[PDB]
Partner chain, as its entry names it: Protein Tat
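Only one chain comes next, encoded as structure tokens, the form solved without the partner chain.
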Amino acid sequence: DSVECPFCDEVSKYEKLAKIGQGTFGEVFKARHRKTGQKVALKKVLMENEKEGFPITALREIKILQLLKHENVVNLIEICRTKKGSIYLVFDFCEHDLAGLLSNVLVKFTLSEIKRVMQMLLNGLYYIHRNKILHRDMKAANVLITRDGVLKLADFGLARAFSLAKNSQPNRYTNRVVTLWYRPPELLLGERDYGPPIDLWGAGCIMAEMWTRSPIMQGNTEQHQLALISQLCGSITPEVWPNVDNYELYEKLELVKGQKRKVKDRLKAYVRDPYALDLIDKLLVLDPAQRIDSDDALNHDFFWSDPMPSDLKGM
């Protein structure tokens, strides 16, 4: 027979349309509510092997989505079942993502539109960090935009909560987080007491990707990457980055010794506005605790100069 289930609707109430969860991961469908035509995204909960019941990392993600309610964060509407059995996370659908738009050459951003994009992105980082969450997977692909031009950060499948680390016991968070290209130095050097700054770095790589239309630092592995970073920001040294020595992997990873900060320069050709350059610079800072934060980033002259941030309709 059957069990009562007032608060978990069967996903059949939505009509699947098309796989959109590319990278071949998640198994994400666009879908349509069979009564109102309202479009949504269905992210099925993987379950590959999972020999420990409902996946703990899914509980984590569902906790975080439920806590994050904000105009620049994706919106979990409900969670649905099947009747093996399956579980779907249901989101408000969003037509575009920033990877799709940055690659498509039919699409162009006025300086002011870009400004708005960054503003929304940084605003959402302010919100999540305030709520003690790290995204840990910043990349244009995870930045969506709706028809009406509202940007939303998405895919919190890697996200986790973070704590004020006192009582003389540094945290032990997972190190191998964030895509390689949008990953920050702290993590490559094997940091485990990291914080909000690891997302800000992502946000940098994305600022530039708004002009270069292309992920600015593509690396084969963690070692090719970390060099490629230093071939843009300068050499990692206690001089530029106090106490960077203490990382086991510092000198213990043959880091290129001779390199001076070539960031504004290697980017001038793509981004003209000197304010945008300056912001990109304060975001791509090597030392976490010297890197700019969401609050200060938002009060940066970039967002308060002509041309002013404009809404989005060029898409």
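Residue numbers count along the first chain shown, from 1. The term rigid core refers to the most C-alpha atoms you can superpose between the two forms while keeping them within 1.5 Å.
The following text describes the form deposited with the partner chain bound, which does not appear among the structures shown.
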query = Among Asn220, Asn243, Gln169, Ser103, which has at least one heavy atom within 4.5 Å of the partner chain in the deposited complex?
reply = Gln169
ask   = Exactly one of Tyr182, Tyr173, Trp211, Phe93 has a non-hydrogen atom within 4.5 Å of the partner chain in the deposited complex; which residue is it?
value = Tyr173
query = Is the gap between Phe162 and the partner chain in the deposited complex 4.5 Å or less for some heavy atom pair?
reply = yes
request  = Find out whether any non-hydrogen atom of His224 is located within 4.5 angstroms of the partner chain in the deposited complex, and reply yes or no.
outcome  = no
message = Just to confirm the contact call: exactly one of 199 to 207, 224 to 232, 154 to 162, 137 to 145 touches the partner chain in the deposited complex at a 4.5 Å heavy atom cutoff, so which is it?
response = 154 to 162
query = Since the partner is left out here, which residues of 110 to 147 would have a heavy atom within 4.5 Å of the partner chain in the deposited complex?
reply = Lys132
message = At a 2 Å cut-off on C-alpha positions, does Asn299 qualify as shifted between this form and the one not shown after fitting the rigid core?
response = no
key: Flag for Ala161, CA shift 2 Å or larger between this form and the one not shown after aligning core   = no
message = Rigid core aligned, does the Cα position of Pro288 differ by 2 Å or more between this form and the one not shown?
response = no
note = Quick read on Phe25 and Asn220 CA atoms in the deposited complex, 3 Å or more from the shown distance, and they're farther
ask   = Between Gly23 and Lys13, does the Cα distance in the deposited complex come out closer or farther than in this form, changing by 3 Å or more?
value = closer
